[PDB]
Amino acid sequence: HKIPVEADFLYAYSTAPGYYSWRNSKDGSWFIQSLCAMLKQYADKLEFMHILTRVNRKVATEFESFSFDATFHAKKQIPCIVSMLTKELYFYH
């Protein structure tokens, strides 16, 4: 008869707790690039958590920072899916 007031939120974070998040001045941020691409490709085939999982893999495998500054060069990023959802979410009617 009640649901938690915190239920049915999903927080799709670009990066793990505590970490920088990477943005490319020409292509856009690694995360939003990958998120839009995976939605484009899979919103008609996959549940939302499985789409976000593909975003995780795309960011983690296909992106790596290039910098003249050794401190910031060759770095990696993993996004962070935080789900308080109680059901599966499909975008196709």
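Residue numbers run from 1 along the displayed sequence.
Mean CA temperature factor is higher for 64-72 when stretches 64-72 and 49-57 are set side by side in the entry. Per the PDB record, residue ranking by Cα B-factor puts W30 in the lowest third of the chain. The deposited CA B-factor of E88 belongs to the highest third of values across its chain. Per the PDB record, residue ranking by Cα B-factor puts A37 in the middle third of the chain.
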